[PDB]
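Residue numbers (full-length UniProt numbering), protein chains in the order written: chain A, 540 to 674; chain B, 540 to 807; chain C, 540 to 807.
In structure tokens form, the structure reads like this:
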């Protein structure tokens, strides 16, 4: 994968235990990464900090169980999708306030019981999807 | 050929040493003659003077090296194309002042160093192409041609655009591509009728806010610049669409989401 | 041919050096004769005087080079067609004033430079076609022909329309296509009976409000202009429909939504 130096989009639906090192090595020019892990637990291992060029991230069906803090360094993010992570509390959004272009948050099909109050500091939001939850 | 009594257009691409006598004999009714000689020298021999009905003449790649003076008797000419004749000075255009329907002059890929001043007396011009030449300055007299719609000055050695560009009240589209212009004069926006402005692949450092005033803008080039963001006022253009705002995507992303939504609506 | 004693129409397209004697001998009962000689010179010679019953004459592509004077004795003529005779001056029309039923004169595709003034004495004219010629101006005397319904002056060298055009009270259709007219005189809308106006592919910058006065207008061309929007007063034409509003689509979009709604209902 190191030889494909102009790739802007990689999507993998491969039941992956971890994110490949080689993907994050190729992350210099990648713009959107999408992993559909089908409920298999994905390990991020801080490599994700290199993807400063990332504007849209989808970590789908990865049984993450925690919003990774590495997101907070990715100051260009516009969209996040967290399909199927059994999320009940989303307090970590307090630190999303520094992601100035974040306009679309997609947290469907989780076990969220309430919306934390700090959401009001996410003043740039244009799309918010919390459907199919326990609010 | 004499029996083909209704021929209104003849074009020949035949490596000709001279203009055939039979052509000028048939010139009673011919309206357009076009010769592409591919650099082979054409001899005219004054026979061309008989073609009183001619309205468009193209003597293409004939290595003429100077505009002949027989052309001035062709009082019906509307368009001239002088591709690839190594033209350096075009002062003779003063005698074109009597061609009242001359709207299009095509002089690309020559060695022209400057624009003669008498261009201001060609008041009926609508199209002027002087791109791909060696031009150093723009005379202000060009702007007496207030009915111009198309002006192409791309690929010259222009540094700035004079304020007198505000005088083209009938300008609609304009290309000054691939020069080293740093910023646009304000007077450019006196041309209210603009619909397209091709300025990409220059060294622009900033795009003025007054782009918001171009109501009828649908196409604009800004690509190939070291910009970090775009000005919000691009959203103020009513007839513009996402496909029409031709700019790098990372720069495009800087616009408000509302503008991008209106662009989404506009397309479908 | 002598045996066919009831023939009313003979047309010949046969590259004829002369008009046959036998045709003129059979001319007792013939009503319309048409010769298409394909540019071959036709010799009349004094026989044509017998065709007193002729009401319509077409001497087509006959390289005549002169209006034959024998026409002046043919007092029943209603229509004349002189396709392709390289005519530059038509002064002979002064004597057509005695042809009282002449309503249609067809002189296209010639080299006519001007209209002689005596045309005003052709007071019974209802159709006049001088299109595809070299005419530079309109004499006012043309407008004494107050029975004109159709006038075609497309593809000439006209710059303006005289105000005296208001005198054609019976005018219904009119084409001035492919000139360089910038604006229409208001007096043009004194011709109340207009139903179609083909003005496309000109350099018009504005369309006058007085188009509202054309009650019976159903078709009008505006294409090929530098408009940015369209004037609302076209909506003041009662019988106009979307199919009759002949204009570029981008310009059509500029009209008020109400006008487009009325056009939607009007069609179906």
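Just so you know, even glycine gets a beta-carbon here, dropped at the ideal spot from N, CA and C.
message: Can you look up residue 564/B in the DSSP assignment and give me helix, strand or coil?
response: Translated into positions along the second chain, residue 564/B becomes position 25. Residue 564/B: helix per DSSP, three-state reduction.
- prompt: Mind listing which residues of the segment 743 to 762 of chain B have their C-beta closer than 7 Å to chain C's C-betas, in chain order?
  reply: 755
- request: Could you work out which residue in 689/B, 702/B and 724/B is closest to residue 712/B when comparing CA atoms only?
  value: The sequence position of residue 712/B within the second chain is 173, counting from 1. When only C-alpha atoms are compared, the closest one is 689/B.
CB contact flag (residue 741/C, residue 720/C, <8 Å): As a first step, residue 741/C is located in the third chain; it is residue number 202 there, counting from the start. As a first step, residue 720/C is located in the third chain; it is residue number 181 there, counting from the start. In contact: residue 741/C and residue 720/C (Cβ atoms closer than 8 Å).
query: So what's residue 627/B in DSSP terms, helix, strand or just coil?
result: In the second chain, counting from the first residue as 1, residue 627/B sits at position 88. Looking at residue 627/B - three-state DSSP - the assignment turns out to be coil, as it is neither helix nor strand.
message: Against residue 670/B, what residues of chain C qualify as contacts under a CB-to-CB distance less than 7 Å, listed in chain order?
response: The residue you call residue 670/B lines up with position 131 of the second chain. The premise fails here: residue 670/B is roughly 22 Å from chain C at the closest Cβ pair, so nothing lies under 7 Å.
query: Can residue 747/C and residue 725/C be called in contact, C-beta distance under 8 Å?
result: In the third chain, residue 747/C corresponds to position 208, counting from 1. In the third chain, residue 725/C corresponds to position 186, counting from 1. In this structure, residue 725/C lies closer than 8 Å to residue 747/C by Cβ.
CB contact flag (residue 646/C, residue 621/C, <8 Å): The residue labelled residue 646/C in the question sits at position 107 within the third chain. The residue labelled residue 621/C in the question sits at position 82 within the third chain. Going by C-beta atoms, residue 646/C is nearer than 8 Å to residue 621/C.
query: residue 796/B touches chain A at which residues, Cβ-Cβ below 8 Å?
result: For this step, residue 796/B is matched to residue 257 along the second chain. In chain order: 642 and 665.
message: Please classify residue 648/C as buried or exposed, where buried requires at least 16 other C-beta atoms within 10 Å of its C-beta.
response: In the third chain, residue 648/C corresponds to position 109, counting from 1. Per the 10 Å Cβ criterion, buried.
- prompt: Hey, does residue 589/B have any beta-carbon neighbour from chain C nearer than 8 Å?
  reply: Numbered from 1 along the second chain, position 50 holds the residue referred to as residue 589/B. Chain C, which has no Cβ nearer than 8 Å to the Cβ of residue 589/B, makes this no.
Identity of the residue in 542/A, 598/A and 585/A nearest residue 687/A by Cα: There is no way to answer for residue 687/A, as the model of chain A reaches only from 540 to 674.
Inside the UniProt repeat "LRR 15" (732 to 753) of chain B only - beta strand (DSSP E) runs reaching at least 3 residues: 735 to 737
message: Taking only three categories from DSSP, how would you classify residue 702/B?
response: For the purposes of this step, residue 702/B is taken as residue 163 along the second chain, with counting starting at 1. Three-state result, residue 702/B: helix.
- prompt: Hey, how far is the Cα of residue 789/B from the Cα of residue 662/A?
  reply: Here residue 789/B refers to the residue found at position 250 of the second chain. Here residue 662/A refers to the residue found at position 123 of the first chain. Distance between the alpha carbons of residue 789/B and residue 662/A: 22 Å.
Buried/exposed call for residue 768/B, threshold 16 Cβ in 10 Å: Your numbering for residue 768/B matches position 229 in the second chain. With fewer than 16 Cβ atoms within 10 Å of its Cβ, residue 768/B is classed as exposed.
- prompt: What separation, rounded to the nearest whole angstrom, lies between the Cα atoms of residue 548/C and residue 675/C?
  reply: Along the third chain, one-based indexing puts residue 548/C at 9. Along the third chain, one-based indexing puts residue 675/C at 136. Straight-line Cα distance between these residues: approximately 38 Å.
query: Can you tell which of 745/C, 656/C, 641/C and 601/C has the C-alpha that lies nearest to the C-alpha of residue 628/C?
result: Walking along the third chain from the start, residue 628/C turns up at place 89. Comparing Cα positions, the closest option is 656/C.
Burial state of residue 606/B (16 or more Cβ within 10 Å): One-based indexing of the second chain puts residue 606/B at position 67. Answer is buried; the Cβ neighbour count reaches 16.
message: Suppose contacts are defined by Cβ-Cβ distances below 8 Å. Is residue 581/B in contact with residue 609/B by that definition?
response: Locating residue 581/B in the second chain gives position 42, counting from the first residue. Locating residue 609/B in the second chain gives position 70, counting from the first residue. Cβ atoms of residue 581/B and residue 609/B: not closer than 8 Å.
task: In the DSSP assignment, find the alpha helix (DSSP H) that holds residue 792/C and state where it starts and stops.
output: What you label residue 792/C is simply residue 253 of the third chain in a count that begins at 1. Its alpha helix (DSSP H) spans residues 788 to 792.
task: Work out the CA separation of residue 567/B and residue 544/B for me, nearest whole Å.
output: Here residue 544/B refers to the residue found at position 5 when the second chain is read from its first residue. Here residue 567/B refers to the residue found at position 28 when the second chain is read from its first residue. In a straight line, the C-alpha of residue 544/B is about 9 Å away from that of residue 567/B.
- prompt: Which word fits residue 692/C, buried or exposed, when buried means at least 16 other C-beta atoms lie within 10 angstroms of its C-beta?
  reply: Position 153 of the third chain holds residue 692/C. Per the 10 Å Cβ criterion, buried.
query: Helix, strand or coil: which one does DSSP assign to residue 612/A?
result: Counting from one through the first chain, the residue named residue 612/A turns up at place 73. Residue 612/A falls in the helix class under three-state DSSP.
message: Let's see if you can read the secondary structure: which residues bound the beta strand (DSSP E) around residue 595/A?
response: Along the first chain, one-based indexing puts residue 595/A at 56. Start and end: 595 to 599.
- prompt: Within this structure, are the beta carbons of residue 651/C and residue 673/C separated by less than 8 Å?
  reply: Here the question's residue 651/C lines up with position 112 in the third chain. Here the question's residue 673/C lines up with position 134 in the third chain. Contact: yes.
- prompt: In chain B, which residues lie with their C-beta within 7 Å of the C-beta of residue 566/C?
  reply: Residue numbering aside, residue 566/C sits at position 27 when the third chain is read from its first letter. Ordered by position in chain B, no residue passes the 7 Å Cβ test against residue 566/C, which lies about 29 Å from the chain.
- request: Would you identify the three-state DSSP class for residue 806/B, choosing helix, strand or coil?
  value: Walking along the second chain from the start, residue 806/B turns up at place 267. Helix at residue 806/B.
- prompt: For the beta strand (DSSP E) that contains residue 548/A, what are its first and last residues?
  reply: Taking the first residue of the first chain as position 1, residue 548/A is located at position 9. 548 to 551 is the span of the beta strand (DSSP E), which, as asked, contains residue 548/A.
message: When you compare the CB positions of residue 757/C and residue 739/C, do they come within less than 8 Å of one another, or not?
response: The residue you call residue 757/C lines up with position 218 of the third chain. The residue you call residue 739/C lines up with position 200 of the third chain. The answer is no: Cβ separation not under 8 Å.
message: Using a Cβ-Cβ cutoff of less than 6 Å, which residues in the same chain neighbour residue 563/B once the five nearest sequence positions on both sides are dropped?
response: Numbered from its first residue, the second chain carries residue 563/B at position 24. Counting only Cβ-Cβ distances below 6 Å, and skipping sequence neighbours, we find 586 and 589.
Residue 709/B: contacting residues in chain C (beta-carbon distance under 8 Å): Position 170 of the second chain, counted from the start, is the residue given in the question as residue 709/B. The contacting residues are 744 and 765.
task: State the CB to CB distance for the pair residue 802/C and residue 786/C, rounded to an integer number of angstroms; the pair is presumed to be in contact (CB under 8 Å).
output: Working through the third chain from its first residue, we reach residue 802/C at position 263. Working through the third chain from its first residue, we reach residue 786/C at position 247. 12 Å between Cβ atoms; not a contact.
- prompt: Does any C-beta atom of chain C lie closer than 8 Å to the C-beta of residue 541/B?
  reply: Within the second chain, residue 541/B is the residue found at index 2, counting from 1. Residue 541/B does not count as touching chain C.
message: Tell me which residues of the segment 724 to 742 of chain B have at least one Cβ-Cβ distance to chain C shorter than 7 Å, keeping chain order.
response: 732
- request: Give the straight-line distance between the Cα atoms of residue 753/B and residue 775/C, rounded to the nearest whole angstrom.
  value: For the purposes of this step, residue 753/B is taken as the residue at position 214 of the second chain. For the purposes of this step, residue 775/C is taken as the residue at position 236 of the third chain. If I take the Cα positions, the gap works out to 30 Å.
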